[PDB]
């Protein structure tokens, strides 16, 4: 229902511009900031998803004009289907989606008059709910009431898909309101909060490319590798060697296809010449045999215990001596 | 003899990496820094032109490995035709040349044991001379003698193509030596100097993408627009109006197809809303009728005289009243 192969790009030079001009084809979509003069006239900044028609490099002002029709924008402007021109300059950002191209997160985009619910898969992006609230507000309960309607609307999706983390995002304050609600009905899940200028498919592609996703992913991996280490310690001191550490030991273990899961600290992957390539390969081999690889960052409450043991231990399937 | 449609890219994020991985095809060429262990083993940094085979994104070390054969490198290593892997990381630069894609400058790439001569056209890059000097050195005159052999070798090409500027580039000191010579035989041309790590086709693609080209281009435009302004002043005060300035005046002039050449200061093209688009269009119209457009930067000894007159004057073909 929504592609996942998108690329964010920061226009740093005039060549970044020619590149975009050369590879952006007919029916490709682009996500970027822009201005629209709706109404009399009122110039209002906004972020839209545009399906390209054709691009134009402007020699004199040194910028790229992407021509096309608006695929998505805040519904309150009713501008979908319209033609628009995106003026891309040095300094701007843009997410491109060409046609020819372990933590499950539940995403809720909430604006004060619209909202969207979706879940990202390695496959793609499925959009559960996505509707307006525009005709639903005229004094009374409004905000609190609307937030609740979304929180409820979310709780079903969570229980129904049991995601690892919940991402609450969107333009100012309202999202904090919805957080308050959804939180008031479970306290069983981790809720994250970040802000994007709108609650549309544009804000969605924007959120996925924001730093918050990494944070959610890294908290997950840090957590799984913490319990695993416990599984390692209690197992270590009680089997015994159904656990091993040290580079060489882990290689002979790979040889036998014994590695159930391997724990490796981030350092063993940062500038290590013929080693960073070697370890790198070891790690692909482990997965090429249904092995689990959990990288370990400085901040995990298990990083030091691990580093102590050379920085790489493998929980074994069977003894290797 | 050499493509001109190349794009320089600064790897700033992991997406810059996926992008490269997605658009780099089979027989495309890439120019980048790298290391080669030639010989026993000796790891030596170098810049080569690689014809791609296939790329690989490395999930764990987060980098792209471009696989292929070496199209060009310093001849002293005799490594052309070899297979090599380029390890591209966040922080690196790369110039891509895909297969599916007013100042004439003479370029001389000189290294202490090799050199290259070429001229860039809007059409492409023609490579005049390009040979080794390797077997030509064992005590005696050597440097001075070799420099002279290149200077001579260049003088013919210059007189034969009468280029606007001469670009002397390459790795340390030797280029300064050749400058001294070539200069000692003409003092009739503008010689520029910049440095690249090698004197190959790689160093060439590198030079073309370096700041020096802009400098050469801008000095040219500043010079042509200075004499033109003189042509404007003496013409202004003596025709009379075969010269006009001011935005509106220039538009009605375009209407008649009277603009021979237009002079416009850089400011009229920097953030001017519905104007920067308007002027921009005016300028394309002038060229869409064999008109000459000379942009004017702050530093030209004619910038202020121009700005005085609204910042835009047109030398006319005939009166427009």
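Heads up, the Cβs are rebuilt from the backbone with ideal geometry, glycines too, and the neighbour counts pull from every protein chain shown. Values quoted throughout were computed directly from the atomic coordinates according to the rules given, and no laboratory measurement underlies them.
Peptides B:50-57, B:204-211, ordered by how many other C-beta atoms sit within 10 Å of their residues on average, highest first, read B:204-211, B:50-57. Put in order of Cβ neighbour count within 10 Å, fewest first, the listed residues B:132, B:179 become B:132, B:179.
In terms of other Cβ atoms within 10 Å, A:131, B:175 run from fewest to most in the order A:131, B:175.
Per residue, the convex hull spanned by the Cα atoms of chain B measures out at 171 cubic angstrom.
For segment B:102-219, the C-alpha radius of gyration sits at 0.99 times the compact-globule guess of 2.2 N^0.38 Å, with N the residue count.
In terms of other Cβ atoms within 10 Å, A:182, B:259 run from fewest to most in the order A:182, B:259. Compactness ratio for segment B:46-148: Cα radius of gyration over 2.2 N^0.38 Å (N = residue count) comes to 1.39.
Considering only the Cα atoms of segment A:158-296, their convex hull presents on average a projected area of 11.8 nm². Taking the alpha carbon gyration tensor of segment A:220-321, multiplying each eigenvalue by 5 and rooting it gives semi-axes of 18, 17, 12 Å, largest first.
Per-residue mean of foreign Cβ neighbours for A:4-10 is 5 (Cβ atoms of other chains, 10 Å radius).
Centre-to-centre, using Cα atoms only, segment B:260-307 and segment A:248-286 are separated by 60 Å.
Relative to one another, the C-alpha centroids of segment A:1-75 and segment A:104-166 are positioned 27 Å apart. Highest-first packing order for the peptide set B:306-316, A:104-114 is A:104-114, B:306-316, based on the mean count of other beta carbon atoms within 10 Å. Taking only the Cα atoms of segment B:170-228, the radius of gyration and Dmax are 13.6, 39 Å. With the convex hull drawn around the C-alpha atoms of segment A:1-101, the volume per residue stands at 104 Å³. The alpha-carbon atoms of the protein assembly as shown, seen along their principal axes, cover 95, 81, 34 angstrom, with the largest extent given first.
Viscosity 1.306 mPa s, temperature 10 °C: what is the translational diffusion coefficient of segment B:110-170 from Stokes-Einstein with a Kirkwood Rh over Cα pairs, rounded to a whole number of µm²/s? The estimated diffusion coefficient comes to 125 µm²/s.
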